[PDB]
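Below are the chains, spelled out letter by letter.
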Amino acid sequence: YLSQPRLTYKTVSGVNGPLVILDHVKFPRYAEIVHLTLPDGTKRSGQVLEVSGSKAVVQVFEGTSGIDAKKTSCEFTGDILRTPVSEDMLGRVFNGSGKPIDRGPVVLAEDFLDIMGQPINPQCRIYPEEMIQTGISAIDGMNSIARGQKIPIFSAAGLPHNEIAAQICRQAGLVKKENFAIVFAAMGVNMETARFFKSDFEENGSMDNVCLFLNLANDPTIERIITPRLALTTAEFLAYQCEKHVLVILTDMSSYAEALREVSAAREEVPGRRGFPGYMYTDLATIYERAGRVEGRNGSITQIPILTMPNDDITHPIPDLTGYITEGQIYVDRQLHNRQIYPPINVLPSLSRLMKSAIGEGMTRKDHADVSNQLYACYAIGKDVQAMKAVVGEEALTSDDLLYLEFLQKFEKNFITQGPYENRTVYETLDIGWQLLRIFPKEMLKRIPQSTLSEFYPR
Amino acid sequence: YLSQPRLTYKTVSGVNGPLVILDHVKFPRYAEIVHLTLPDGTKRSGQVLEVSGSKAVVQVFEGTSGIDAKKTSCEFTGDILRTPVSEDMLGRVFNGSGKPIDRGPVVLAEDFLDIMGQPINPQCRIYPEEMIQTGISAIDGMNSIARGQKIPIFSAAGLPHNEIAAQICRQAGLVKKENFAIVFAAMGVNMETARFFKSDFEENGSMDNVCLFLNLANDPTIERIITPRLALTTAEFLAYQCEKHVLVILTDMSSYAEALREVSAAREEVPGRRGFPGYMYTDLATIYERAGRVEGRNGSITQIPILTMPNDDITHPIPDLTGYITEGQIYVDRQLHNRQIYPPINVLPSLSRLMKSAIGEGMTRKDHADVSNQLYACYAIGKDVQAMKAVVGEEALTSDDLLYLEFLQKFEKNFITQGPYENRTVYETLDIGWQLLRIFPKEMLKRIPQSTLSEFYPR
Amino acid sequence: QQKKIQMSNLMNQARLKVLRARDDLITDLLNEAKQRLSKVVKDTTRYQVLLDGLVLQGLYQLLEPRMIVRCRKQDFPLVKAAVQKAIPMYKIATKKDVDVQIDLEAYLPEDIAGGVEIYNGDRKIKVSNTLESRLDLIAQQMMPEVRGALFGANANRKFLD
Amino acid sequence: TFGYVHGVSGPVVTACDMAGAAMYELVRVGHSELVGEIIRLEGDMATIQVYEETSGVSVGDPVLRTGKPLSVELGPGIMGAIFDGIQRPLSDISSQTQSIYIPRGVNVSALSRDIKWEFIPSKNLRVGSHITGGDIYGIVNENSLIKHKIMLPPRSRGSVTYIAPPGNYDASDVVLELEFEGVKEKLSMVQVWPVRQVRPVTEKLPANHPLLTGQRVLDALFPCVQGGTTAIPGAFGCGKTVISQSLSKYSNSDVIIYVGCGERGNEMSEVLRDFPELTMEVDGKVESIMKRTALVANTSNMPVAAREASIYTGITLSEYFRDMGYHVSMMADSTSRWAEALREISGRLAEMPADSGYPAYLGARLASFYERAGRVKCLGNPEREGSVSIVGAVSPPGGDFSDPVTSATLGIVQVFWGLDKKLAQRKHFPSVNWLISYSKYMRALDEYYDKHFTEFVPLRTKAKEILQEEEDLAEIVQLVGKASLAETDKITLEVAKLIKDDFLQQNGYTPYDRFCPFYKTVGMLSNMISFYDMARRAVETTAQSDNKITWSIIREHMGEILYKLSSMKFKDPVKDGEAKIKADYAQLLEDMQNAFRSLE
Amino acid sequence: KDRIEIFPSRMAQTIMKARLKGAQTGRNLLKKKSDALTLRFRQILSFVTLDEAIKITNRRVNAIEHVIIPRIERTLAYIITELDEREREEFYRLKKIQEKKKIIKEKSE
Amino acid sequence: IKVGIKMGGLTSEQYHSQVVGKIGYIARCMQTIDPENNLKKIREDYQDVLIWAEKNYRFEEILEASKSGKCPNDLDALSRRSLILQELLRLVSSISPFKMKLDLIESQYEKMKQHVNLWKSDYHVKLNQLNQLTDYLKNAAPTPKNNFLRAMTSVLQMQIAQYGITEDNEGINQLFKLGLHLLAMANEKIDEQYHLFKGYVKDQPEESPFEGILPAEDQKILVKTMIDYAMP
Ligand SMILES: Nc1ncnc2c1ncn2[C@@H]1O[C@H](COP(=O)(O)OP(=O)(O)O)[C@@H](O)[C@H]1O
Ligand SMILES: [Mg+2]
């Protein structure tokens, strides 16, 4: 029960950016928590980043402004930030540090969990299978999502990634032949977006099963490093102890990665690509992999994190390292957005690793796998046709190129374009798929076995 | 004044590149000047760029070759580089260190001014509202020069930017239908360039109103970043204390930037682009912004900080950061020079920020602004037509396109081509404008209202 | 063309000629000032007072625990007194005990009009407070006023900024 | 109460014997008492960011420790005044020092204490009344345009014990006395607020009202809203400063705070000369613009550290007026110059840099700056509604929108007004790219537009489709040579030119394009789109007949209509009012319809 | 417009260099087609169809030469410059890291 | 565990401080609008707020009551309840010379209270238009324009006092349009000022629209101004 009084120090060595360095500390514990009382009485908290001898470096979440080097009192908790968690956290809004913002009380500690995460034994991990029917043809048709997957949405600044994520949340469900709890971690989100999501959950009547963690763009930038760990810790309680199915939305891992960069620079760490810490891979893996099913439980965690891509690229370290950890992506593009297409999802650079197993006879439709592959290849070819047309002109194309060009134009208009308040089923999506495939003569559909064509193609 | 004896030290701690580090210094002053004598009697000077406790870091102007560690004798002047200034500096030739090189005496000061200068109070700065007649149609018409404006000529190695500057020195007058004191900073140039200007100033019969500062290619590279400040400091004395109108020309500013980059590398400062210091903009502003009229005083400073563009790259940091600070640029290029066009001034990528106030009723002629804007439209379109015709051929053009080629061809030989001694008035330049604009029918002159065309177009 | 470039050269040289003459006049004044200071130095009753100040002045600038005072031998009896009367004052103005010695082996050149130079213990830090050094140190700062005082103010200067 | 200077590296000064000093406290460095702010604490030594040139500062110079953080004085006397980067009035310096240069170490009150202000209380308070933060207990008549509300500062409350009767009071007197628990507070008209702290509001509201801009583009195609944030990352010569000046001169905002952070010195003089000569009628009376504007000058050749203080002073001033129920539209014409200051200081600090030398926390500073914008419900019992908009320029090197500042800015701001250097070279002003720009407030304003106009939205959509289609064609036309174009495509290409040359560009230095009332923009757009639809119909209904109306036929037949359409800009809204302009545009529509009937 | 607008990378260098080689090969093959048509055209002097085929071929060749390749070369040069700029900022940080390590080592002695 | 609650958007202490003010504000508004406590229906509707005011309470005691939950401490709900009263106060005060019947005041209260968003409603816009007219005239020279605005504004105030602002009565609608147009009209353009005023007077159905609205002394100046204008 740690019934041992805590030591409080005024032995501040110095303060450098977001970091406070203390000396003369008795047996510093790594990743311990320190409560700081500023000379004016303001309380703030921080977590130890490293210890050495009698010195410790504390990462202050709310910020270091106003801290002096003589009077600030630093109380060492003696433990690791184990956060209070409760099943009744749903229907609540918390700030980035897990404190009430909704005029409710402090969450009552039904239990405590170490936010660092408790690794799950791969031997007991259960492979996900059941498909989530998101309502979005670009996802349910081609890049389907299994329950327990990890499929982030890439986007650049200005794109409607908040609308797609909101659409998935309210349209989420299973392929039918009861619903998800939402754990919503906002990291560096502006107020206009914050009310967009909050209002959407209220208007659809979802708040009974929604827990928000709001770290806004105008809130402290160090705090958001823990926010996603608090969000997933609650998800793990609800999914693995309370047998709920939880959908976890992380509004931006890029502002999270930047927050890590701010700390990494502050402690004069050796960076890797573009100034980010060499351990970014691990810091992301320890959050992304908190997903999936485990033997003996009925609940699950599905993650759909969002990442803003600097400079509209996908080789930036942030999306690059994420791609190596997560199981595909959605990739929201800009060329489709500029053409007033919604959802503006580009099917070519986007994949879903679990798609090959979460579909097919017994889960969706016999032809699901064949329709997806053929449409993808046709789209890829259509794009190569446009690349030629841009040089040789529309008068220099052959009959097959025109069929691929007509397919491409109709594909985006009839298949990808949907609208934010219309959901289509996986079976309706495939029926549309066939309407687009039937543009081609059967001889050109080289990626669909003849048996499938004879059953579906002439319909 | 400073009555206390200055101290002399033999306490040099060490030498690292161009920086001589002293210890045991009594109350070091930041940005104070140190005079040092080498074991062989050579005298050199430098400035303290850093102080810490008893240590001071001195950047030596002449260089650090031959600086000893035990026998080096240094003395601290006790002030910043304040330089002697007097009215009778006009007609004198100085080096980049402020010393005479014309076999005359040292400056018999009327006062001592801080070489760093002071920012002019923006509330007392008076916005320029007078035009200078350069006599060059390519400038007076489409990119007018105001008195108090900062207008560099962007050039490239081998182009006659020295001849244009020399021309401007002789035939720069007023459009009020005047003797400018010229302060010429010749830095980073060869003997022939400095002798060219020196000879031209005597040939013009104006040498008694010209002050030269020379710092040649074979002179120290550290003095090359105070020479502009020496020129401007004198200009400030003449303009703001003696109400003399001064024209300040700084030769290839790129030698300033390169000298600064060497200092930045030596001091391990944060680079921005192409290895230049991240504060290059701020340093340039210190040089450039020493210009303009001041309310209540009858003087002015006009600058022409000509610069060479490395590899004709208009986005190189030197022309880029200058473009952000100065009121536009004249810009010469090789496409005009390679056709024996003089002056080789290309109006399309050029502008004058103060030009809009300078033209029009009460300044030149009421149609000035309209003629300039339409000439820009017609010239740019003619360039676009050439880009088209280069591929499609003359047969693919219609009468609407050939007119712009006729304009473009006549414009460059009638408007831009003049000759080193062709001095046109601003009114003659506009008349030429109309002669070229009348190539097109009224309907195509879309930048000019009918309230102007009906008066001027018929002629 | 040839006539006006020749007249330009002639006018430019005439300007340099009068400027050099003006500088000669400034030098003559400074050389007279040097002789006037020598005449003052010859007066024991005023020179000893200068030395009293000059030694203490240098001591305040070094603020070292050990001082070596160097002078020309001819004036040693007066520098000795200047030091003796300077230490009680130093220990009051700075609250620091200083060991002040006079160098009896090294002397300033005999052609120095007067004054002292003071070295710290290791001879790495020195202050030069002789009469020639003071004359130039001040004259170079007062020159703007000398220029006006001898030749008149510049009628074209209106502002002192 | 003093420390001592230990070392100087430029804008950064290191001081010792300051064990009790806190971060972001003000200090006075040197015998001239230069203003600085503590950045780091290392034992008993402090790292000080100094907002004035440190030349001449010596080791051992005193450092005065001031408990108050960097703060701005807020009260009457701001409007019409120009301040430096740390809220020192330039008109008071020049009137007191008689110099033309700004001296270093000047300690001048931000708001004059000699002026006798005309003060009227709210007449709703009594002794014993309970007053809370944000309450207004009187108004000062600064001028005829802005009524200056005297608010109780945030984090202050209590019972009223005395309220000054109406009369003439200066800023050193006591207007309100209030007590809480024994402790009594005496307040004048001037409150102090740290510039780095966000002033608290009751609720941040969605922005649902246009920010009127005197531009055709930057309004019809890419609207900005009251409380919104936008960026203008223009290259040098793109005319982004002119866009900022145009918005300041001619908008529907109540107060403009213009921040010249790293700007050319001539630009601030330009404003001070021109603005007093502008008019804005209030209630039938002609009044100057300066009475509703204020500006901060921290020019490019001024201390680089002061660029951070300038930005925060500007937005803090903006919030102050927001709290009084006014709509504020401040603009800082640089952003990159602020981030540049952060880079230079970070270098002197020897910090580990991030992307392209900029501090890792660059994004943190920009995010917290821009989020202080927004339409809000104010604190205070009187239930005020206000806004702060931020229109911030950015200066990407080379015009390449890839630097950390442009990139981070685009991830924060909701309206992107991208400028194209290649359009500025053609004097196609404003140089708006119109292909990469966007506004995320289109949906927010759709309700507004339907309420007042209706016709605007389908016209906006058709205009974007025409411009985008022209770009899609231009890509291939460059290679084909206009040989394979259909007649329906040639109409698009030439109408798109009509839009580009006559609608998207305007000369802001003319009596007719200096301000473009919205009714004129949508009026002339309706005509241009109506031509498109009628011309496209003319060929669509005849292409399969016994005579196809090609562009060359309509071009020669209707050449007078094409000239009239191009003339629609030359309407001079000040001389010819709304009634004549609308009637004129109606006539052009009739002329087109009659010419088409004779053509088809 | 001026550049293909591919974000600077070593991958972009490989793609752009392959794209440039392709454009240059197409330019040379089409130039040979034009020369063959021009010789046949002059031998004949189905005549106007050769003049039309030559005009179309030469127009495409001119576009490759005046539009597409210059644009690839500008893009490639842009990429090369920006990559060296990224190399420099890495050099700076690594140099400062080495100096900070040296300072730590001196303090330890 | 309360290091940083940031309740809604305010520090807890600032949130509760705002609650104390709003309670006092409503009490002040009720005493200002209804000095005699005649509006029994509305005072009862605020009884749960006014019970904490009009009594010898200290500021700290009400602040404690908020923190302890002993008073209506829901600031967002309390703000809505305050606004539907603030707008009623300015409605009555802006027409001071012409008092509303108590039945009309209570009717206007309910009409605003039941509105989904009073701030953005037509009630607020009409009140803003009225205050633009009545605020201008607080300090104005006795010019033709200002004498016409005085006469026309008094009529507008009279009609509002009779009908209120919930019904789109043609009388107040025309008066708003003409009043705002005349006020906007440039001060020197007297010919339009006289045209608009004279056209108004002979467009109203009343033989003498100002009879009993403004005093005889203002009627004498009002008519004399028109007489002088038409004299030459
Ligand atoms: N909207 C505009 N209307 C008319 N002229 C303009 C406009 N914008 C820019 N210009 C012209 O081009 C110049 C460049 O604009 P400026 O704001 O100085 O460029 P920058 O983008 O560097 O701030 C202006 O001084 C003016 O002459
Ligand atoms: Mg600008």
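Residues numbered from 1 in each chain as written, not as in the entry; some residues may be left out. Chains lettered and ligands numbered in written order. Part of a larger assembly, values for the part shown. Heavy atoms only, no water. Residues with missing side-chain atoms left out of burial classes, pairs and counts.

- Chain F has the name Effector protein SidK in the PDB entry, where Legionella pneumophila subsp. pneumophila is given as its organism.

- The PDB entry lists chain D under the name ATPase H+-transporting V1 subunit A, with Rattus norvegicus given as the organism.
- UniProt's Catalytic activity (unreviewed entry) comment on chain D is quoted here verbatim: "ATP + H2O + 4 H(+)(in) = ADP + phosphate + 5 H(+)(out)".
- Regarding chain D, the UniProt comment filed under Subcellular location (unreviewed entry) reads as follows: "Cytoplasmic vesicle, Clathrin-coated vesicle membrane". (UniProt positions renumbered as here; feature names shortened; annotations may be inferred.)

## A word on helix α3 (residues 191-203) of chain B
Residue and element names in this part refer to chain B.
Here is step 1: Over its 13 residues, α3 runs 18 Å from end to end, which matches the ideal 18 Å to within 8%, given 1.5 Å per residue.
Here is step 2: Listed as buried for α3 are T193, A194, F197, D200 and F201. Buried residues along α3 cover an arc of 130° about the axis, so they all sit on one side.
Here is step 3: Buried residues in α3 make contact with α2 (161-171), β16 (181-189) and β17 (210-216). (Helix = DSSP H or I, 4+ residues; strand = E, 2+ residues; numbered from the N terminus. Expected span 1.5 Å × (residues − 1). Buried < 20%, exposed > 50% of the residue type's maximum accessible area, 1.4 Å probe, protein only. Arc of directions from axis to C-beta. Contact = heavy atoms within 4.5 Å.)

## Looking at helix α14 (residues 559-567) of chain D
Every α-helix carries 3.6 residues per turn, so stepping three or four residues along brings you back to the same face.
Here is step 1: Those residues of α14(D) not exposed but buried are D:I561, D:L562, D:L565, D:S566 and D:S567.
Here is step 2: Packing partners of the buried residues in α14(D) comprise α11 (487-504), α12 (518-540), α13 (551-557) and α15 (578-599) of chain D.

## Regarding a nonpolar patch on the surface
Residue and element names in this part refer to chain C.
Here is step 1: Side chains of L25, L29, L150 and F151 sit close together on the surface and give an oily, nonpolar patch of about 350 Å² of accessible area.
Here is step 2: Breaking the nonpolar patch down by element, the ones donating at least two residues are α1 (2-41) and α4 (131-151).
Here is step 3: Turning to its location among the elements, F151 is positioned in helix α4.
Here is step 4: We classify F151 as partly exposed; its relative accessible area is 37%. (Patch = residues over 30% accessible without salt bridge, like charges linked within 9 Å, V, L, I, M, F, W, Y side chains within 5 Å. Areas by Shrake-Rupley, 256 points an atom, 1.4 Å probe, with all protein chains shown as cover. Salt bridge = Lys/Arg side-chain N within 4 Å of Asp/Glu carboxyl O.)

## What to know about the side chain of A:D401
Here is step 1: Relative to the elements of secondary structure, A:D401 occurs in helix α10 (residues 399-416).
Here is step 2: Apart from residues lying up to four places away in sequence, A:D401 is in contact with A:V385 and A:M388.

## Some thoughts on the environment of D:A15
Residues and elements named next belong to chain D.
Here is step 1: Structurally, the position occupied by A15 is in strand β2 (residues 12-16).
Here is step 2: Owing to a relative accessible area of 0%, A15 belongs among the buried residues under this scheme.
Here is step 3: Along the chain, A15 and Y4 lie 11 residues apart, while their C-alpha atoms are 5.5 Å from each other.
Here is step 4: Sequence-distant contacts of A15, that is, excluding residues within four places in its chain, are made with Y4, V5, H6, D44, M45, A46, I48 and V63.

## Considering the interface of chain E and chain D
Here is step 1: Counting residues at the interface gives 15 residues for chain E and 17 residues for chain D.
Here is step 2: The contact between chain E and chain D buries some 1,200 Å² in all, and 46% of this surface belongs to carbon and sulfur atoms.
Here is step 3: Taken together, chain E and chain D are joined by four salt bridges.
Here is step 4: Residues D:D355 and E:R86 are paired through a salt bridge, measuring 2.7 Å at the closest nitrogen-oxygen approach.
Here is step 5: The tally of links from chain E across to chain D stands at eight residue pairs in polar contact.
Here is step 6: Of the residues contributing to the side of chain E that touches chain D, the split by class is six nonpolar, no polar and nine charged. (Buried area = accessible area lost by both parts, 1.4 Å probe. Polar contact = N/O pair within 3.5 Å; in protein donor to acceptor, adjacent residues only side chain to side chain. Nonpolar A, V, L, I, M, F, W, Y, C, P; charged D, E, K, R; others polar.)

## Things to note about the arrangement of the chains
Here is step 1: Considering every one of the nine pairs of chains in contact, the largest contact total is recorded for chains B and D.
Here is step 2: Between chain A and chain C there is no contact; the minimum C-alpha to C-alpha separation amounts to 31 Å.
Here is step 3: For chain C and chain E, which are not in contact, the least C-alpha distance works out to 27 Å.

## With respect to the domain arrangement of chain D
All names here are of chain D.
Here is step 1: Domains assigned within chain D are domain 1 (1-70), domain 2 (71-114 + 188-439), domain 3 (115-187) and domain 4 (440-600).
Here is step 2: Computed from C-alpha coordinates alone, the two centres of domain 2 and domain 3 are separated by 29 Å.
Here is step 3: Across the interface of domain 2 and domain 3, roughly 2,700 Å² is buried in total on both sides, 61% from carbon and sulfur atoms.
Here is step 4: Counting across the interface, domain 2 meets domain 3 through 11 residue pairs in polar contact.
Here is step 5: Of all elements in the fold, only β17 (191-194) and α4 (306-322) reach the threshold of two or more residues within the side of domain 2 that touches domain 3.
Here is step 6: Of the residues in the side of domain 2 that touches domain 3, the class split is 14 nonpolar, nine polar and nine charged. (Domains from an automatic or database assignment.)

## Let's talk about the site of ligand 1
Here is step 1: Near ligand 1 lie 16 residues; those nearest to it are B:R353, D:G237, D:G239, D:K240 and D:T241.
Here is step 2: Mapping the residues near ligand 1 onto chains gives chains B and D.
Here is step 3: Take D:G237: an N or O atom from its main chain is 2.9 Å from an oxygen atom of ligand 1.
Here is step 4: Between an oxygen atom of ligand 1 and a main-chain N or O atom of D:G239, the distance comes to 2.7 Å.
Here is step 5: In terms of residue count, helix α2 (residues 240-249) of chain D provides more of the shell around ligand 1 than any other element does, three residues in total.
Here is step 6: When its residues are assigned to classes, the shell around ligand 1 shows eight nonpolar, six polar and two charged.
Here is step 7: The residues that make up the shell around ligand 1 include at least three from each of domain 2 (71-114 + 188-439) and domain 4 (440-600) of chain D. (Near = heavy atom within 4 Å.)

## As for the interface of chain D and chain B
Here is step 1: Of the residues lining the interface, 68 residues belong to chain D; the matching set on chain B comes to 72 residues.
Here is step 2: On the chain D side of the interface with chain B, the three residues burying the most area are D:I100, D:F236 and D:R264, jointly 13% of the side's total.
Here is step 3: Viewed at the interface, chain B and chain D are joined by five salt bridges.
Here is step 4: We note a salt bridge from B:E129 to D:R273, for which the minimum N-O separation is 3.8 Å.
Here is step 5: At the boundary of chain D with chain B, the tally comes to 32 residue pairs in polar contact.
Here is step 6: Of all the secondary structure elements, the ones that give two or more residues to the side of chain D that touches chain B are β1 (2-8), α1 (90-97), α3 (265-274), α5 (336-348) and α14 of chain D.
Here is step 7: When residues in the side of chain D that touches chain B are grouped by element, the largest group, seven residues, is from α3(D).
Here is step 8: Here the residues of the side of chain D that touches chain B are counted per class, giving 22 nonpolar, 31 polar and 15 charged.
Here is step 9: Sheet topology note: the strand β5 (residues 43-52) of chain B/β1(D) ladder contains two bridges and is antiparallel. Counted as the bridge partner of B:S52 is D:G7 from β1(D). (Pairing = 2+ DSSP bridges.)

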